[PDB]
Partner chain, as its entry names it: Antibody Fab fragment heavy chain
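Listed next as structure tokens is one chain, alone, in the form deposited without the partner chain.
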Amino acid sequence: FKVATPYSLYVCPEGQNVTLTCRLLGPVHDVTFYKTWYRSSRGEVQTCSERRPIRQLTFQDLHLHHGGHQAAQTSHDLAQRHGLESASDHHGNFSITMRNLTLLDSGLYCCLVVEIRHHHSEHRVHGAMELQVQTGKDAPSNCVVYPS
């Protein structure tokens, strides 16, 4: 399968909430998925290579692990504590919702999905999208999204 990123740029004012989304396209019991988010950069040959924190949480803090037949969400704790919630549904939607945006939330966000069967990594795929948090006069009233 491949990861699709419906929007490649999100432009949001400070204080808003935003949901970033990846979708799993293509052919997807006793299979498990590892899904997580991190910030990164568009390197020369490599995108989504290095893993940087999101709100001082790391990709290990944010990850979900679930069998093929289940959905999963991150804890209530990390949502109350950091205004983040990551969720995977049954239909290949994988998202992270960020509450109370600030300027320091800007960056390049990567979603990573690893498909595992009998402890062997069969697929590892990522998607990337930019988040720009804006302040002041030209910032929009709510988020503006640009399709990829």
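Positions refer to the first chain, counted from 1. Here the rigid core means the biggest group of C-alpha atoms that line up within 1.5 Å when the two forms are laid on top of each other.
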Item to complete: Might you work out how many residues are unmodelled in the deposited sequence between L103 and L104, and answer none, 1 to 3, 4 to 9, or 10 or more?
Response: none
Discussion item. Going by the mean C-alpha B-factor recorded in the entry, which is higher: 91-99 or 117-125?
Written reply: 117-125
Worksheet item: Which has higher Cα B-factors on average according to the PDB entry: 64-72 or 48-56?
Response: 64-72
Worksheet item: If you check the C-alpha B-factor for each of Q132, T19, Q16, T135 in the entry, which is highest?
Response: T135
Item to complete: Tell me which of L108, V31, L112, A79 tops the list for C-alpha B factor in the record.
Response: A79
Item to complete: Could you tell me which third, lowest, middle or highest, the C-alpha B-factor of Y146 occupies within its chain?
Response: lowest
Item to complete: Within this chain's modelled residues, let me know which third the CA B factor of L24 belongs to: lowest, middle or highest.
Response: middle
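One more form of this protein should be noted, the form solved in complex with the partner chain, which is absent from this view; the next part is about it.
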Worksheet item: Quick one: does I116 come within 4.5 Å of the partner chain in the deposited bound form, counting heavy atoms only?
Response: yes
Fill in: 4.5 Å heavy atom contact, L112 to the partner chain in the deposited bound form
yes
Worksheet item: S88: heavy atom within 4.5 Å of the partner chain in the deposited bound form?
Response: no
Worksheet item: With a 4.5 Å heavy atom cut-off, would you call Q80 a contact of the partner chain in the deposited bound form?
Response: no
Worksheet item: Which residues from 34-55 come close to the partner chain in the deposited bound form, meaning a heavy atom within 4.5 Å?
Response: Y34, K35, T36, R51
Discussion item. So, superposing on the core, is the move of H123 at the CA at least 2 angstroms between the shown form and the other one?
Written reply: yes
Fill in: CA-CA separation of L108 and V45, closer or farther in the deposited bound form than in the form shown [shift of 3 angstroms or more]
closer
Discussion item. Relative to what's shown here, the Cα pair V45 and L9 differs by 3 Å or more in the deposited bound form. Does it come closer or drift farther?
Written reply: closer
